[PDB]
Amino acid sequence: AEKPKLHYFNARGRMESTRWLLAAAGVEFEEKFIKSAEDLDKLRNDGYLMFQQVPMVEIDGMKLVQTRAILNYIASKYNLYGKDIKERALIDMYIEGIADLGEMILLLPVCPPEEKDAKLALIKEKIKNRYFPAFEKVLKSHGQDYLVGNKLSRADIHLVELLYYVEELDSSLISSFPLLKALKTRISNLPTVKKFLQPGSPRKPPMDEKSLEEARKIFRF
């Protein structure tokens, strides 16, 4: 009997794209925050984590690990995964490009300090020259307010989340991509997303060094 229950630490990390997708879908959720290695070990010892890792989400009577398993379930359940197999292929292709870029941004702070400047420069180059051109071209191709099927899907949600992180890195990177700018505004004004973006929501801030320190202690790295 439950709202979905999100098991993670109090940070974006690997859970934030799930927070975004549930919120976009209008689904209220609860979070159980891991604060210590001891908390993680309890989840493990109680049999809740198939591969001894989080994210884990309790939803519809079961316990799901692996970010993509969680996301795929939520997207299908709430009709955000397209209408057929071909639309799912477009969605998947798009969101896996988003994932590749998002992964780079997620792990930047765990890069060795002597590698960070080059890694950041590489991310900016890929945004400007690979990823933003590819999504701009999709929107330019059909002229529709959404990426796939002329209707909101998880692709729109995952992309606009990523546009917010790119803005935190360098607000100028989107400047030559007017359709991406317009998508960002449109998605951000949908009632459910607007509510998620407002202060006090479950949306999480950029990870600071204190949070990274907590991650290292919880996940033992």
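For clarity, a rigid core is taken as the largest C-alpha set superposing within 1.5 Å between two forms. Start at 1 and count along the sequence shown; that's the residue number.
In a rigid core superposition of the other structures in 6 other deposited structures of this protein, 202 to 210 and 5 to 13 differ in how far their CA atoms stray, and the farther one is 202 to 210. Just going by the entry, 111 to 119 versus 69 to 77 on mean CA temperature factor gives the higher value to 111 to 119. Annotation for 16 to 24 versus 201 to 209: the higher mean temperature factor (C-alpha) is found in 201 to 209. Looking at 37, 57, 155, 49, the one whose CA carries the top B-factor in the deposited record is 37. Among the modelled residues of its chain, residue 179 has a C-alpha B-factor that falls in the highest third, as given in the PDB entry.
The entry lists a Cα temperature factor for residue 96 that places it in the lowest third of the chain's modelled residues. In the deposited entry, the Cα temperature factor of residue 128 sits in the top third of values across the chain's modelled residues. Among the modelled residues of its chain, residue 161 has a C-alpha B-factor that falls in the lowest third, as given in the PDB entry. When the modelled residues of the chain are ordered by their C-alpha B factor, residue 103 lands in the lowest third.
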